[PDB]
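Take a look at this one chain, the form deposited in one PDB entry, written out in structure tokens.
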């Protein structure tokens, strides 16, 4: 793939419908882990203990402890130059009748903190709950999310004594429910929201330029979004610190930290 930023910016000058796909690499520089990078969440912990439906049925406290920890860390984190370049791009293009849409894998909400509006959160949100009984979805920004989690840090599955009884974990505050809440996120083996997925699909059919920023292009279906668009002849530009399973499908690859590689692309 080309690293000709001039040639890419020519495609950028002519695009009316830009699709920007993002993963944890776009948030790294804000000072939070990725999933599979060094010090990543799935390096430190085993994903099958924390991010599957079975994980949650077998040990909802361990799982909640991990999402609680992440919520408490993320509160004070700020959008980095890559988030900010994306937001300013959307606002600038939007003012001229051109569309920029963000299709994010990240649940951290940092694209909303930056001022981005057209944001599909395809794996849910760190800050939303879903009730296991009634199905109610809610923003929840209580700190701590429940009293029993107050002052809990990152969980060790071997410290059985740190586990909280299930009745003291976050419960639905809807009058007459009290069901157990789970994070409103998409785990391995769970379908993505079909409304979201459908809308994303149409965005990808309409886009005339696609960027793929800070994702390992391992996890499906997100990993095939940009490959799909490229199979229609649309230019895709990858921004990543390394090559991925998908790089050889794309017209451009811009190597480096997105904090520095992305802002001149979007200028």
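Rigid core (definition): largest C-alpha set, two forms, superposition within 1.5 Å. Numbering follows the first chain given and starts at 1.
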Output yes if residue 249 is unmodelled in at least a third of the other compared entries of this protein, no if it is modelled in all of them.
yes
On average, which has the higher Cα B-factor in the deposited entry, 254-262 or 12-20?
12-20
Mean Cα B-factor check, 228-236 vs 59-67, entry values; winner is 228-236
Checking the entry, which one of 121, 173, 108, 190 has the top C-alpha B factor?
173
Looking at the C-alpha B-factor values in the deposited entry, which of 207, 28, 222, 51 comes out highest?
207
Classify residue 163 as lowest, middle or highest third according to the C-alpha B-factor given in the PDB entry, relative to its own chain.
middle
Comparing against every modelled residue in the chain, figure out the third that the C-alpha B-factor of residue 142 lands in (lowest, middle or highest).
highest
Divide the modelled residues of the chain into thirds by Cα B-factor and specify which third, lowest, middle or highest, holds residue 72.
lowest
Taking the chain's C-alpha temperature factors as the reference, tell me which third residue 186 falls into: lowest, middle or highest.
lowest
Of the three thirds of the chain ranked by Cα temperature factor, residue 39 occupies the middle
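One more form of this protein should be noted, the form deposited in another entry, which is absent from this view; the next part is about it.
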Does superposing the core leave residue 124 with a CA shift of 2 Å or more between the shown form and the other one?
no
If the two forms are fitted on the core, does residue 135 show a Cα displacement reaching 2 angstroms between the shown form and the other one?
no
After superposition on the rigid core, does the Cα atom of residue 76 shift by at least 2 Å between the shown form and the other one?
yes
So the CA-CA distance for residue 35 and residue 201 moves by at least 3 angstroms in the other entry. Closer or farther than here?
farther
In the other entry, do the Cα atoms of residue 38 and residue 256 sit closer or farther apart than here, given a shift of 3 Å or more?
farther
